[PDB]
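Below, read A as the first sequence line, B as the second, and so on, with proteins coming before strands; counting in each chain starts at 1.
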Amino acid sequence: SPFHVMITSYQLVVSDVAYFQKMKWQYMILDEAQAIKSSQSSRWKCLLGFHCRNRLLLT
DNA sequence: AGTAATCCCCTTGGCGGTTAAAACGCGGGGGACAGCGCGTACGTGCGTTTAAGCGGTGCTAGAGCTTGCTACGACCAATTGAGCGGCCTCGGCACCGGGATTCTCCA
């Protein structure tokens with residue numbers, strides 16, 4: 001495959017959300033998950049909805 | 001709930017070059033423009049007659065207004081697929097080159 005892991009910004013996942021939906025992930029890292037701590041944040045609402053089989057938070 | 005940092009995006013600005021488009025020079029041609037003569041075609045004046053304008057009489061079509069209701073569109077909630085945003089590709093149109101046909105101008 002042309003990739004195994006994909007690195008991206010907390011900014012792009014909310015901006016390109018319509019492309020991030022329509023995709024399915026085997027594993028996900030959130031690399032400094034204190035970015036997610038506001039449940040009112042769009043980056044909480046969006047990354048929550050990413051179809052991912054197992055998820056990990058780093059903090 | 002507020003105000004500031006963070007980050008995307010998209011517009012403005014600068015630098016280099018390259019070359020295609022703008023500027024410049026110069027001869028000559030022919031088109032703009034003033035000048036002339038004529039002649040016919042438009043403005044003038046008169047006598048003619050024609051009907052537009054006014055004051056007046058008569059009628060009825062139909063503009064304008066009210067009454068009464070029911071047929072038709074406004075409004076809402078649930079359903080779904082027609083239409084939009086994103087990705088792909090291949091074929092139409094351009095772009096080039098080269099030889100063939102046309103048109104232009106001086107002889």
Using atom [atom1] in both nucleotides, what's the gap between [N] and [M] to the nearest angstrom?
N	M	atom1	value
B/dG83	B/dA5	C1'	41 Å
B/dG81	B/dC7	P	45 Å
B/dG29	B/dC106	P	8 Å

[X] [atom1] to [N] [atom2]: how many Å, rounded?
X	N	atom1	atom2	result
A/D16	B/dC8	CG	P	10 Å
A/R43	B/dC8	CZ	P	12 Å
A/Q40	B/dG2	CD	P	14 Å
A/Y10	B/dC7	OH	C1'	15 Å
A/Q11	B/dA5	CD	P	16 Å
A/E32	B/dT6	CD	P	14 Å
A/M23	B/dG86	CE	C1'	16 Å

> What heavy-atom pair brings A/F20 and A/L12 nearest, and what distance separates the two atoms?
Replying inline: CE1-O, 3.7 Å

> Does A/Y27 reach the main-chain N or O of A/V5 with its side chain, forming a donor-acceptor pair under 3.5 Å?
Replying inline: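 Not a single qualifying donor-acceptor pair exists.
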
> Do A/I29 and A/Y10 share a hydrophobic cluster, counting only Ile, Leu, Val, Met, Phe, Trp and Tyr and linking them when any side-chain heavy atoms are less than 4.5 Å apart?
Replying inline: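 As far as the 4.5 Å side-chain criterion goes, A/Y10 and A/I29 are not connected within one cluster.
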
> Got A/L48 and A/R55 here, is their nearest side-chain heavy-atom distance under 4.5 Å?
Replying inline: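 They are in side-chain contact.
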
